[PDB]
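Student:
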Amino acid sequence: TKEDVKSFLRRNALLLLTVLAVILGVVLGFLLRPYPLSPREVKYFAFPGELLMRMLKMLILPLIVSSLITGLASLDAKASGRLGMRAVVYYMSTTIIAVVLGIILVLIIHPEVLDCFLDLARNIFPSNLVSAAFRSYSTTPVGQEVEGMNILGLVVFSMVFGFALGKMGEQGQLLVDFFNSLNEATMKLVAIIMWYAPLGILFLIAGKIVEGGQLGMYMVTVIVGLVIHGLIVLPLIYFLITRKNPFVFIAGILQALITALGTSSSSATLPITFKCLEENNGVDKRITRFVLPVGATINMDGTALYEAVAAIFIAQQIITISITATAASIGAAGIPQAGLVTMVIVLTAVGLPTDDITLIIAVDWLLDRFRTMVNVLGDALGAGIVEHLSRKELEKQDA
Ligand SMILES: COc1ccc([C@@H]2C(C#N)=C(N)OC3=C2C(=O)C[C@@H](c2cccc4ccccc24)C3)cc1
Ligand SMILES: N[C@@H](CC(=O)O)C(=O)O
Ligand code: NA
């Protein structure tokens, strides 16, 4: 019994270091909290956590583009459509199951919007690809193009480009071979970036915990709702569909959930979720390159629940809330504080004052660290479900 735990410590070396990083980060952050805090000085303190974020952001661009180009090229017309339909149906249901779970819990325990739709439409079709790799569109930072990255515009273009090569046969093969080499090469860089994660995660959360009262019971509604949907609803869905153990599946992606908690960005933790599914859970690359990049921005289960709870909490009808909370879920990017920005849209539709968001902002960060964990988990189990379901398509692609 105790001799068997030594084989666990030798193997899970990096997984236990990121756990210890959280345990130490919560300690050090609370230890350095009574000291005279400063914006400039907190920025200096949280710098080892800042370098990890830069390393992971560096890899999101060559991952998104290479994954979707090879991923769609490697599949037939009806195959990618069937693969897509299995993913979309899953994405639509899980975000609807989350908002229904969110609305019921907030009802039981009660504690420029056109421009937004236009900007998103403008972002699905970028005017410049070199630009899209570091800028997004936000109508009104110079002009209407905000510094970021159009993750959605790249996902949409790379998809049609991957389809085009998968339609031009052997002429397309060269570029597919080129984009395949690049996908693996960056997946070798995420191996290097993985040994820095325990040091980074420690400082990312220690710095964040160095920063009327009714919000405590609002924070409870969200956190409880995330556990019911995350550790009870989603594992049940996987066990019902795949007929496989979900809590041993969650053990593989556990290294990525901790980094989602540390960074609070599902797009920035994508290179690690890719490594955790392809390696630890042994999910097919032909489907992880398909499910995960789209899952980063479109499937946001934890955000959808947070959009429903926070909208009804500031009321201190439901049909419009459930429709726009699922709408805000899809819209919002896998970036920190994204839910808070899309909350402006979910409050305008119902008729509540948008200035009421100011009450939430203070707590928001701590809920976002868990919101991302459920947003990531929904894609990991999503890929696990789609891989298992698309069994016949994958068997046809082999010889
Ligand atoms: C809100 O935006 C999205 C965009 C895509 C998707 C689906 C997805 C996932 N996950 C991925 N990786 O690829 C495809 C999907 C389709 O359903 C459509 C699918 C598809 C089928 C057949 C031909 C295509 C040609 C070009 C692009 C997609 C094509 C590809 C879902 C939501
Ligand atoms: N932080 C979340 C997005 C949000 O703010 O809801 C994510 O990246 O999954
Ligand atoms: Na989203």
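Per the entry's author numbering: the sequence shown = residues 37 to 147, 171 to 199, 213 to 283, 291 to 395, 405 to 487. In this text, a Cβ means the ideal position worked out from N, Cα and C, and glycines have one as well.
Beta-carbon within less than 8 Å of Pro-213's beta-carbon, same chain only, minus the 5 sequence neighbours each way: which residues are those?
Tutor: Here the set comprises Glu-219.
Student: Compute the Euclidean distance between the alpha carbons of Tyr-127 and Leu-45, then round it to the nearest angstrom.
Tutor: Answer to the nearest angstrom: the Cα atoms are 36 Å apart.
Student: Give the DSSP-derived three-state secondary structure of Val-62 in the structure shown.
Tutor: Here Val-62 sits in helix by DSSP.
Student: Any contact of the stretch 442 to 454 with the stretch 351 to 364, i.e. 3+ C-beta pairs under 8 Å?
Tutor: The stretch 442 to 454 is not in contact with the stretch 351 to 364.
Student: Cutting at 7 Å between CB atoms, please list the residues of its own chain near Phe-66, excluding the five before and the five after it.
Tutor: Cβ neighbours of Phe-66 beyond the five flanking positions: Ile-281.
Student: Give me the Cβ distance between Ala-339 and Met-461, rounded to the nearest whole Å; I'm assuming they're in contact under 8 Å.
Tutor: Between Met-461 and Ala-339 the Cβ distance is about 5 Å, and since that is below 8 Å, they are a contact.
Student: By DSSP's criteria, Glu-217 is part of a beta bridge. Which residues make up the other side?
Tutor: The partner list for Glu-217 (beta bridge, DSSP) reads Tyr-196.
Student: Is the beta carbon of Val-125 within less than 7 Å of some heavy atom of ligand 1?
Tutor: No, Cβ of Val-125 sits at least 7 Å from all heavy atoms of ligand 1.
Student: Quick one: which unbroken alpha helix (DSSP H) runs of 4-plus residues sit fully inside the stretch 56 to 101? Chain order, please.
Tutor: Fully enclosed alpha helix (DSSP H) runs of 4 or longer: 75 to 81.
Student: For the pair the stretch 114 to 127 and the stretch 245 to 262, tell me if three or more CB-CB distances fall below 8 Å.
Tutor: Contact fails: fewer than three Cβ-Cβ distances are below 8 Å.
Student: Can you give me the C-alpha to C-alpha distance between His-308 and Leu-384, rounded to a whole angstrom?
Tutor: Approximately 9 Å, taken between the alpha carbons.
Student: Exposed or buried, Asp-443, counting other C-beta atoms within 10 Å across all chains shown (16 or more means buried)?
Tutor: With fewer than 16 Cβ atoms within 10 Å of its Cβ, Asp-443 is classed as exposed.
Student: Hey, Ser-343 and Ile-96: beta-carbon distance below 8 Å or not?
Tutor: Their beta carbons are not under 8 Å apart, which means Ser-343 does not touch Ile-96 by this criterion.
Student: In whole angstroms, give me the CA-to-CA distance for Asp-249 and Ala-109.
Tutor: Taking the straight line joining both Cα atoms gives about 10 Å.
Student: Which residue from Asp-112, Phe-233 and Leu-50 puts its Cα closest to that of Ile-100?
Tutor: Of the listed residues, the one whose Cα sits closest to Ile-100 is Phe-233.
Student: Does the distance from the C-beta atom of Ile-332 to that of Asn-359 stay below 8 Å?
Tutor: Yes, the Cβ-Cβ distance between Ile-332 and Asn-359 is below 8 Å.
Student: Near ligand 2, which residues have their beta-carbon closer than 6 Å to a heavy atom?
Tutor: My final list is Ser-343, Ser-344, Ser-345, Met-379, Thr-382, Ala-420, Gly-422, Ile-423, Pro-424, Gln-425, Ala-426, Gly-427, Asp-456, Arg-459, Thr-460 and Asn-463.
Student: On the three-state DSSP scale, how would you describe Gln-293?
Tutor: Here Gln-293 sits in coil by DSSP.
Student: Nearer than 7 Å: is that true of the beta carbon of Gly-304 relative to any heavy atom of ligand 1?
Tutor: No, ligand 1 has no heavy atom inside 7 Å of this Cβ.
Student: In three-state DSSP terms, what is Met-121?
Tutor: Here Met-121 sits in helix by DSSP.
Student: Report the rounded CA-to-CA distance for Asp-174 versus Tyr-196, giving the unit in angstroms.
Tutor: Those two C-alpha atoms are separated by around 11 Å.
Student: Leaving out five residues on either side along the sequence, give the residues of the same chain with a beta carbon under 7 Å from the beta carbon of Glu-357.
Tutor: Cβ within range, chain order: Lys-364 and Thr-367.
Student: So the alpha helix (DSSP H) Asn-463 belongs to, where does it begin and stop?
Tutor: Residues 446 to 477.
Student: Within 7 Å: the Cβ of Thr-376 and any heavy atom of ligand 3?
Tutor: The answer is yes for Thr-376.
Student: Cβ atoms of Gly-470 and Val-370: under 8 Å apart, would you say?
Tutor: Yes; because the gap between Cβ atoms is below 8 Å, this pair is in contact.
Student: By the three-class DSSP mapping on this structure, what secondary structure does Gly-374 have?
Tutor: In the structure shown, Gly-374 sits in a helix (DSSP, three-state: H, G or I).
Student: With distances taken between CB atoms, is the gap from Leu-237 to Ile-105 smaller than 8 Å?
Tutor: Against a cut-off of 8 Å, the Cβ pair of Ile-105 and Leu-237 comes out as a contact.
Student: Skipping 5 residues on each side, what residues in its chain have a beta carbon closer than 6 Å to that of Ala-82?
Tutor: Excluding residues within five positions, the ones whose Cβ falls inside 6 Å are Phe-275 and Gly-279.
Student: Measuring straight from C-alpha to C-alpha, what distance separates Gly-427 and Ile-448?
Tutor: Rounded to whole angstroms, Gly-427 to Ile-448 spans 11 Å at the Cα level.
Student: For residue 204, which residues of its own chain have a beta-carbon under 8 Å away from its beta-carbon, when the five flanking residues on both sides are left out?
Tutor: The gap in the chain between 199 and 213 takes in residue 204, so it carries no coordinates here.
Student: Between the Cα of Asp-467 and the Cα atoms of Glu-171, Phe-235, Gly-422 and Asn-255, which residue gives the shortest distance?
Tutor: The candidate whose alpha carbon is nearest that of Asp-467 is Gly-422.
Student: Should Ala-437 and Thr-430 be called a contact, given that it needs their Cβ atoms to be closer than 8 Å?
Tutor: No.
Student: By Cβ distance below 7 Å, which residues in the same chain neighbour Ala-389 in space, the five residues on each side in sequence not counted?
Tutor: Answer for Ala-389: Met-431 and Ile-448, listed in chain order.
Student: Tell me, to the nearest whole angstrom, how far the beta carbon of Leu-254 is from that of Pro-98; I am working on the premise that it is less than 8 Å.
Tutor: At roughly 6 Å, the Cβ-Cβ gap stays under 8 Å, so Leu-254 and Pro-98 are in contact.
Student: Can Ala-113 and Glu-481 be called in contact, C-beta distance under 8 Å?
Tutor: No. Outside cutoff.
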